[PDB]
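Participant: The data below comprise the sequence and an experimental structure of the protein.
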Amino acid sequence: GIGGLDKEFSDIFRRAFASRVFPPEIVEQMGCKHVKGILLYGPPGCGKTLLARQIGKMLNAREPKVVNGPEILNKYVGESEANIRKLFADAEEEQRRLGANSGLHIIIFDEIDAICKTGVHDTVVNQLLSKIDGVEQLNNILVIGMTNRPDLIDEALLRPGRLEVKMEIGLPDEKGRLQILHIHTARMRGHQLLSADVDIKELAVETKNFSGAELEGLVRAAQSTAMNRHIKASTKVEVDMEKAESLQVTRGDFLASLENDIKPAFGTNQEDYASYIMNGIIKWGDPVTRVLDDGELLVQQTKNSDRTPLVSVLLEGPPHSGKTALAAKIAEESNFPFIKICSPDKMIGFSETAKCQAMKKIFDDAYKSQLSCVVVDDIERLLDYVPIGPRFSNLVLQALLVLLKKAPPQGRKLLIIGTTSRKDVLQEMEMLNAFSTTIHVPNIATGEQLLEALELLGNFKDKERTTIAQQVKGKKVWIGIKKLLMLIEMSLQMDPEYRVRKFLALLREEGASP
Amino acid sequence: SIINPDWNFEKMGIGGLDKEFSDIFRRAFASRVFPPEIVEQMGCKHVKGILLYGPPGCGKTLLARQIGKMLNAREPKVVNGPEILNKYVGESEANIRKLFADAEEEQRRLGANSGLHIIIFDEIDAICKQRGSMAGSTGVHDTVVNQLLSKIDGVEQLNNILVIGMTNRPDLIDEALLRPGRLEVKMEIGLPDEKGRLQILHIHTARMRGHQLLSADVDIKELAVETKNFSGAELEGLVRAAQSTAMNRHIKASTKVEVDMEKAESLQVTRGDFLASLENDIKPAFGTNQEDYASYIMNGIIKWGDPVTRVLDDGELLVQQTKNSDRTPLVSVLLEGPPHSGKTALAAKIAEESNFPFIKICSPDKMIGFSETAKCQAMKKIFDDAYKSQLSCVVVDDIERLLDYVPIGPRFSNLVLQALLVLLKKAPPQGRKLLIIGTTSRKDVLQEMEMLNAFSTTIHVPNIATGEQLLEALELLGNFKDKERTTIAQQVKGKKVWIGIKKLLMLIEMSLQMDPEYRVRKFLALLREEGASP
Amino acid sequence: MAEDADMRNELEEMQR
Ligand SMILES: Nc1ncnc2c1ncn2[C@@H]1O[C@H](COP(=O)(O)OP(=O)(O)OP(=O)(O)O)[C@@H](O)[C@H]1O
Ligand SMILES: Nc1ncnc2c1ncn2[C@@H]1O[C@H](COP(=O)(O)OP(=O)(O)OP(=O)(O)O)[C@@H](O)[C@H]1O
Ligand SMILES: Nc1ncnc2c1ncn2[C@@H]1O[C@H](COP(=O)(O)OP(=O)(O)OP(=O)(O)O)[C@@H](O)[C@H]1O
């Protein structure tokens, strides 16, 4: 009754139960051993317990023994360790009586971390370790444990012959959550106390990383939002009693509650991808089209080449030319399963080692997919550089030079896009030879392009545009788009009479030639 | 009924906690009030827990006791701190179960239609802490926590109990207990606002007005305006201190204590007592967030020339632009000029003139002996705090002193420079606006480092240049008489001068130490010898 | 590595 773990079940069968089929005689002459320790870890869910019951079903095993939490702990002395030996009494009896031809024994531990990790705890751990593997050896006992914090388990329990199989279990997902939601909502649906405007699929999609107590918690909250409309407190505890004849639950009563009342415990998938594109992309010339076409050509090569699984590019241009946005646009249009952006904004005050670790982790994550794309921006800021001296960090430079020519595992593709605004420095440092190719991002050169950009922005009307064209059309200009937006915003502040003059005044100071 | 017939919101004397009480009533008491038929139809379960927390002296105990008084039921049981621990083994659980035995018995005897029982736990963190993260000297605490968890929600179901717990450090509490079914509703009490500060002051003054013991000159609104960041306890303490000051004026102690008793029957409280107390007795426990603008502006500002007005107008224009823009959420500006020109005072004035909710100034005066990492951490903390508010303004002064610059070699700290260069281009979260004002005295050095391009605009702050401006400044300060002014003019008017205002003040103060027949001369020399400059 | 310092102890009484 679980999907997405078919290969995991196949591995489980291969590891342990694949060797159980042969009669005892053939294994005896072989002397081959058998598995008796399995550990499962993964966030909370019904899958692990369902799996345990499934293993209980398939084999001709006794009624499995399951312990629910730290019930072993006791106030008296010697009782905490006393509960353990009772567990294996039947196993010892069967082993001593029927010998090899004895039934299998299955033990299920729930929240084993609670008991295994001071006189009570250490003695309990020692008793359990001795019973599982002591002077007497048992070949008909299986122990299964489930955890959500694997790092809190004792190391000794992981030594070979104590816990043999390691298993990772995924979380429950949308359709199961929908089944649980339907089961809970059935009561209100039956009595027509639920508004027809509510869509369960929408809420199931919206609620992500929530458990059952939280999933009940969201619904209960919604209910409250309804009842409070009938109450008439704040002066007394007397209520309407006439609106009590009817009561329903609207869609909003749910939505509000998931924003302002109930919060997920495991966080949420936060993304601010727009952060890198705050004003869209406006075609004011041919260079944008040329850059996009080159990006598409590079993308197709990575995806179809057999001899070159790794490809690198570099974006060049003067400051305030809009390179970080034109790289993100290409990355978005790539349409690859894995996309990530490495920026110095997230690393402030870090030392060289921290930066190296941060880059290494992102690349390690990238390697595990089939085809991936990664973009690094502000290289000069990443390896802090200052014209005086000059001074910089050599560790990060060497890490980058090593990473730029390391192929991923066999059969996988990777693309890397780097952005900078100081080409000469990189050329001097001998890094410009690592990249496979380069592209150039120019500024606005002629007045016609500036007029087209203004028209697309739509900030000035025809009357002012006429004067602007008269002044600028007969001359060359040198300005970046970001600076242009800043200047327009700055000039717009004053009264309508002075705006054109202020804008033209500023343009002359910011004017220049390459 | 379950509610006392005479109960009403106004009688409990609570302050400005309207929203919190309404939320409690909604989420905790809605179910018990509706008729049994409909609630049974829904078949929903009832809340059983509440966890109040916040800074000290906000009203948690007051709120809990008022809730206890409001409800008509058995007398609430109170567990006064860690009174449940005992040296003998197994007796702590005895008490922790004796508390709930009566409720269990009543629920067994009457069933679903039984009354309600309320239990109040004070200083819960003392008893309940994480079982794993605890002292190993004794397992008594773990057994206590397990007993409480089992009793509150065990195999047997109990549904006629409400438990109230108050603390100050919610982090220490175990996670297993703060889950739905035990304590799901968790409030946070905080400092009040101006309206809350007015309501609180009203609640206490009532009787004095009733008996005509308060002078008419007292304005409660003004008091609420001044008292910023105060809490209810501090407000009551201020009232008590003013009362004591008023009362002290009818006793002649210090040899033997006596009371008038005939001139002491006409007592009244004036506004002077409140003003005196507000500066001597009560200081806010939470450090005042308002900057100490007096320290930075120690001698005011005097309009000795047009440039002052020009700079102020430019600052106002920048403030307006950052306030009324959406395409450019972040703006920056740099003030530059020769030393001893008064850049810091002008920047502080520009910051003050704006009415932004959040204003802070970062200076190296506090970072003495700090490493190159502590400075980065402090700047990061300041900017993180600034990010929260919708509108923010920040001032960074003495940049060259913040980078540890020395012209020999030269030397400086790279990490701080990189952090600043990154923070000058990081836009704040969506829908927020930030302004940054920087001050420096060496523009060429910043140009060399290639950070002058990171700012958006620059403003120049000049120093006195012409003799007329000097005469105007002297007139404004008024430190010399007409005869001396004529004598000084006869010389200065001929040529030009080059001096900063701060140095002018220092020179005047040094000159005024001589005898009257020499002071003027002492002044001129000091201007001539030091005045050699462009 | 500096070895952990010394620690105090807490005692529990039993009645016969
Ligand atoms: N056609 C365009 N190409 C690029 N950017 C554009 C275009 N049209 C509008 N923009 C906007 O211009 C801004 C480009 O600024 P961006 O930060 O990408 O530039 P940059 O060259 O990396 O800057 P810097 O050198 O200051 O780091 C973004 O707001 C982008 O939305
Ligand atoms: N909101 C308020 N309205 C009226 N009086 C208040 C208010 N807050 C505090 N006070 C006054 O201050 C006293 C202190 O409040 P209280 O004892 O409830 O604080 P507390 O938060 O429980 O304390 P602590 O956290 O220090 O243990 C109250 O008894 C009352 O005198
Ligand atoms: N019109 C004025 N403008 C500026 N400051 C003034 C003016 N009139 C008086 N002052 C006072 O002059 C004093 C000098 O200002 P301040 O100490 O900020 O100068 P500064 O240029 O930042 O100094 P430094 O060169 O030492 O860094 C301040 O106390 C300020 O109050």
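Facilitator: That came through, no problem. Numbers count the residues shown, from 1 in each chain, chains lettered A, B, ... in the order given. Ligands and ions are numbered 1, 2, ... in the order given.
Participant: Tell me the residue of the stretch 401-514 of chain A that sits nearest ligand 3?
Facilitator: Residue of the stretch 401-514 of chain A nearest ligand 3, by C-beta to the nearest ligand atom: residue A:493 (25.6 Å). To be clear about C-beta, it is placed using only N, CA and C from the backbone, and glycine gets the same treatment.
Participant: which SS class is the nearest residue to that residue once chain neighbours are set aside?
Facilitator: The shortest distance from residue A:493 to any non-neighbouring residue, by C-beta to C-beta, 6 or more residues apart in numbering or on different chains, is to residue B:321 (4.8 Å). Of the three states, residue B:321 takes helix under DSSP: H, G, I helix; E, B strand; the rest coil.
Participant: Now for residue A:445, how many residues are close by?
Facilitator: Neighbour count for residue A:445, taken as other C-beta atoms under 10 Å in any protein chain shown: 15.
Participant: ok, it - contacts?
Facilitator: Under the criterion of C-beta atoms under 8 Å, 6 or more residues apart in numbering or on different chains, the contact list for residue A:445 reads A:476-478.
Participant: Equivalent analysis for residue A:153, please.
Facilitator: Going by C-beta under 8 Å, 6+ apart, the list of residues near residue A:153 reads A:39, A:112-113, A:116-117, A:147.
Participant: biggest separation within those residues, which pair?
Facilitator: Distance extremes for the contacts of residue A:153: the farthest pair is A:39 and A:117 at 14.4 Å, using C-beta to C-beta.
Participant: What are the buried residues along stretch A:458-474?
Facilitator: The neighbour-count check on stretch A:458-474 (16 or more other C-beta atoms under 10 Å in any protein chain shown) flags A:459-460, A:468, A:472 as buried.
Participant: now, which of the residues you listed sits nearest residue C:7?
Facilitator: The closest of the buried residues of stretch A:458-474, once distances to residue C:7 are taken by C-beta to C-beta, is residue A:459, at 72.2 Å.
Participant: Would you quantify the distance from that closest one to residue A:496?
Facilitator: According to C-beta to C-beta, to the nearest Å, residue A:459 stands 12 Å off from residue A:496.
Participant: can you tell me the residue of chain A closest to ligand 3?
Facilitator: Proximity of chain A to ligand 3 (C-beta to the nearest ligand atom) peaks at residue A:388, 23.5 Å away.
Participant: Tell me, how many residues neighbour that residue?
Facilitator: Residues near residue A:388, counting by other C-beta under 10 Å: 13.
Participant: picking up where we left off before, now that we have the contacts of residue A:153, can you turn them into JSON lines and tack on neighbour count and distance to residue C:4?
Facilitator: Below are those laid out as JSON lines (neighbours: other C-beta atoms under 10 Å in any protein chain shown; distance: C-beta to C-beta, whole Å):
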{"residue": "A:39", "neighbour count": "22", "distance to residue C:4": "31"}
{"residue": "A:112", "neighbour count": "24", "distance to residue C:4": "28"}
{"residue": "A:113", "neighbour count": "20", "distance to residue C:4": "25"}
{"residue": "A:116", "neighbour count": "19", "distance to residue C:4": "24"}
{"residue": "A:117", "neighbour count": "15", "distance to residue C:4": "19"}
{"residue": "A:147", "neighbour count": "20", "distance to residue C:4": "29"}
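Participant: I'd like to know which of those is nearest to chain B.
Facilitator: Chain B lies nearest to residue A:117 out of those, by C-beta to the nearest C-beta, at 7.3 Å.
Participant: Show the contacting residues for the closest one.
Facilitator: Residues in contact with residue A:117 (C-beta under 8 Å, 6+ apart) are A:125, A:152-154, B:132.
Participant: Among these, find me the one that's closest to residue C:13.
Facilitator: For these, the nearest to residue C:13 is residue B:132 (26.2 Å; C-beta to C-beta).
Participant: Helix, strand or coil: sort out the closest one for me.
Facilitator: Assigned with three-state DSSP, residue B:132 falls in the coil class.
Participant: Need the residue closest to the centroid of chain A.
Facilitator: Nearest residue to the geometric centre of chain A (C-alpha atoms, centre = their mean): residue A:269, 6.6 Å.
Participant: Next, give phi and psi for it.
Facilitator: phi -80, psi 90 (degrees, to the nearest 10).
Participant: From residue A:208, how far out is it?
Facilitator: 7 Å.
Participant: Residue C:15 now?
Facilitator: Look at residue C:15 and residue A:208: by C-beta to C-beta, they are 56 Å apart.
Participant: Also residue A:500?
Facilitator: Using C-beta to C-beta, residue A:500 is found at 52 Å from residue A:208.
Participant: who has more neighbours, these two?
Facilitator: Between residue A:500 and residue A:208, residue A:500 has the larger neighbour count (other C-beta under 10 Å), namely 17 against 14.
Participant: what sits against the more buried one?
Facilitator: For residue A:500, counting by C-beta under 8 Å, 6+ apart, the contacting residues are A:464, A:467-468.
Participant: And residue A:431, by the same measure?
Facilitator: By C-beta under 8 Å, 6+ apart, residue A:431 lies in contact with A:397, A:400-401.
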